[PDB]
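Structure record follows, encoded as structure tokens.
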Amino acid sequence: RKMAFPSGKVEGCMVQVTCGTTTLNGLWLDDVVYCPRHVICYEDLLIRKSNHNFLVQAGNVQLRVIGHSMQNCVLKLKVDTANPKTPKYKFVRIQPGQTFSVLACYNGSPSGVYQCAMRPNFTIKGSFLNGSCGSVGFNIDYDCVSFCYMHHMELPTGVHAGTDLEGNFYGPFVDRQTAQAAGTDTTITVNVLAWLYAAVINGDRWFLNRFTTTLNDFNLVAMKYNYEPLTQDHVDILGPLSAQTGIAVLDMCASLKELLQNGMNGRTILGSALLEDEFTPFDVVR
Amino acid sequence: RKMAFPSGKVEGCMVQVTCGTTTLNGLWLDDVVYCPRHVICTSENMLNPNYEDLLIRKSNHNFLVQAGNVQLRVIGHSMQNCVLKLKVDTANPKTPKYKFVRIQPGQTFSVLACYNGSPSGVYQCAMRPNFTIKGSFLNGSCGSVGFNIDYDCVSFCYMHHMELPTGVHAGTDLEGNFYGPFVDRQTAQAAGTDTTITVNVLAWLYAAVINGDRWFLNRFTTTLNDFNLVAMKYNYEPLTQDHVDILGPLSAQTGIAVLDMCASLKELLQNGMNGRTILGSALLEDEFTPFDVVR
């Protein structure tokens with residue numbers, strides 16, 4: 001099973017932000033609420049705004065905006081009181097292929113939690129309800145919350161686009177009503193390899209063969225099947241799993257090369273009949 | 001996406017229960033800690049434990065309960081079926097609004113997997129028709145609980161007790177009664193043949209229609225009897241008139257009669273997916289309920 005992180009620490013940070021007739025989710029940390037700047041639908045639009053234009057609700061309580069400011073594509077609303085439920089936290093930016101949990105929220109109220117990967121085309125295959133704008137993604141490492149994502153937009157193909165918590169978009173997207181579409185996506189090779197290592201650790205070994213391939217030879221098969229190219233960085237990352245199982249990375253790649261041409265052939269790997277790519281090497285170790 | 005419930009209300013209830021050399025998770029609600037009774041078992045007891053004999057020999061101070069950095073004082077103990085119930089000094093300040101419920105096969109719920117009392121991950125689940133859980137249980141997840149959350153009220157429906165030889169998981173409701181024919185004993189017990197939850201696949205196909213996908217529909221219908229004769233050859237659960245009644249609302253919203261959706265499923269089982277996907281899945285998904293789909 002994919003598992004999401006326990007969401008309790010983030011749940012106590014979610015609030016509702018309303019400007020005019022538009023309402024979405026915000027993240028309340030210390031005395032600042034963070035939310036997508038498109039709540040004010042940007043240089044002009046925010047000069048004309050004053051504090052009384054923003055209504056922040058932390059459950060029953062209304063919060064008083066005493067200052068506002070923009071950072072890239074996120075609005076930073078300073079409020080009268082600090083969130084007593086603020087966890088230890090940091091803002092971080094992730095890379096395609098890395099995984100995180102999303103707390104989907106409806107008008108400030110947490111609705112559900114799921115585990116994601118940042119796709120190579122920088123979008124998120126998520127299930128986002130009406131009014132989930134401003135929901136955040138995060139990892140938890142030893143009671144420290146690493147916030148890595150804030151949801152902004154649904155793209156026509158169903159997937160989702162957002163920013164880091166400093167307002168920098170992931171991917172070539174803008175927060176305007178322009179026609180935009182996800183680029184062609186790609187399977188995350190290093191995560192498939194990690195998931196095959198987890199299958200071996202779990203006793204699934206039928207796909208193991210006696211052969212080894214080269215980095216160059218694999219990457220040609222990889223692009224023929226729309227797979228991210230494998231780097232020496234990926235190989236080194238999978239090192240602990242190769243040590244743990246005795247299967248070298250380029251021998252697992254031969255295994256993967258055969259899977260991409262024969263299929264599981266009525267067999268399964270860990271119960272699936274497709275190759276899972278939303279588990280990172282780190283995820284498998286933990 | 002399959003989503004789990006936000007886990008915060010349950011995280012504040014998780015504690016660690018230690019008895020002798022055995023440690024697992026407990027659930028701290030008001031002034032009672034619930035946990036699996038095999039916490040009182042040693043190695044030499046697993047095969048044929050006599051729980052009433054083992055429990056009579058314990059006193060309150062044999063039970064070390066820890067809520068984070070704080071030891072809770074046990075002031076009484078009692079056994080109800082296969083759950084131990086430890087009365088403590090202190091009512092949990094973070095006790096949510098809650099109830100205990102017993103669920104049926106096909107029902108879904110979230111599991112907060114914990115290790116030694118600390119929550120580690122959350123996932124969404126279905127009770128399989130053979131009364132097991134296809135869980136993801138780290139080495140010390142005994143006593144982790146499953147739940148639903150409706151309008152801020154938590155329904156506790158499952159407590160984890162053991163992994164079966166086939167990799168799946170068995171456990172009880174919060175009254176200590178096992179789901180299925182399993183026992184908290186290290187015997188040669190095995191899960192029955194697992195079947196697909198038919199009513200959940202059909203509800204999900206209705207969810208595919210509501211989301212615009214219709215490629216799998218066909219012009220046929222079927223009788224209920226004929227549908228079940230076919231589906232059982234694929235290890236699908238028989239569909240009852242109650243299931244039909246339950247899908248009525250989704251049949252209403254989509255204009256597709258239940259037995260017409262059944263004919264579509266019969267053909268999907270005959271043909272496979274032909275490399276296509278239905279919602280975002282290339283598999284027939286059976287862990288979303290009719291109730292879930294309306295949400």
Side-chain angles (χ1 to χ4, degrees), chain A residues 1-14 59 85 87 99 101-105 109-117 124 126-129 132 135 139-140 143 157-160 198 202-204 263-264 266 268 270-276 278-279 283-284, chain B residues 1 3-14 68 94 96 108 110-114 118-126 133 135-138 141 144 148-150 152 165-169 194 207 211-213 272-273 275 277 279-282 284 287-288 292:
Chain A
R1 295 245 176 214
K2 289 215 279 185
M3 283 191 319
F5 287 99
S7 54
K9 288 167 160 125
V10 178
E11 283 169 59
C13 301
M14 299 308 304
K85 297 189 230 206
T99 51
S101 296
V102 171
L103 181 63
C105 296
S109 147
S111 183
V113 69
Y114 58 94
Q115 180 82 350
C116 291
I124 304 295
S127 169
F128 268 145
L129 57 145
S132 67
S135 292
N139 290 276
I140 298 186
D143 296 312
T157 185
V159 308
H160 317 290
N202 221 62
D204 251 334
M264 298 68 125
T268 65
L270 278 178
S272 167
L274 310 96
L275 304 150
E276 167 74 45
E278 306 220 334
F279 270 109
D283 293 336
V284 168
Chain B
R1 286 254 175 196
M3 293 200 296
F5 290 97
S7 56
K9 292 177 178 68
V10 185
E11 292 163 49
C13 299
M14 297 311 301
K94 296 175 173 174
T108 56
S110 294
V111 174
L112 181 68
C114 302
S118 47
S120 152
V122 64
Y123 59 92
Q124 179 75 351
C125 238
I133 297 307
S136 207
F137 279 138
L138 50 90
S141 72
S144 295
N148 293 274
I149 301 188
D150 297 291
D152 303 304
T166 181
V168 296
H169 304 102
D194 196 26
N211 197 224
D213 251 333
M273 294 265 197
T277 69
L279 268 150
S281 164
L284 288 190
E287 304 212 337
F288 300 95
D292 290 340

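Values reported hereafter were calculated over all heavy atoms of this structure, with side chains retained and with hydrogens, waters and symmetry mates removed. Residue numbers start from 1 in every chain, and the chains themselves are labelled A, B, ... in the order their sequence lines are given, proteins ahead of strands.
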Completion exercise
Tightest non-hydrogen contact, residues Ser111(A) and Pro6(B), listed as O-CD, 3.5 Å
Fill in the blank from the handout: What one should report as the nearest heavy-atom pair of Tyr123(B) and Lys2(A) is CB-O, 3.7 Å
Practice task
Ignoring hydrogens and angles, tell me if any N or O in the side chain of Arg1(B) forms a donor-acceptor pair with the backbone of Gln115(A) under 3.5 Å.
Solution key: yes
Handout entry: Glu11(A): partners by side chain to side chain donor-acceptor pair (under 3.5 Å), with sequence neighbours left out
Key = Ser7(A)
Problem - Pairing residues for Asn211(B) by the side chain to side chain contact (heavy atoms under 4.5 Å, CB included) criterion, not counting sequence neighbours - result: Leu279(B)
Exercise for the section: Please report the shortest heavy-atom distance between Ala113(B) and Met3(A), naming the atom on each side. Expected result: CB-SD, 4.0 Å
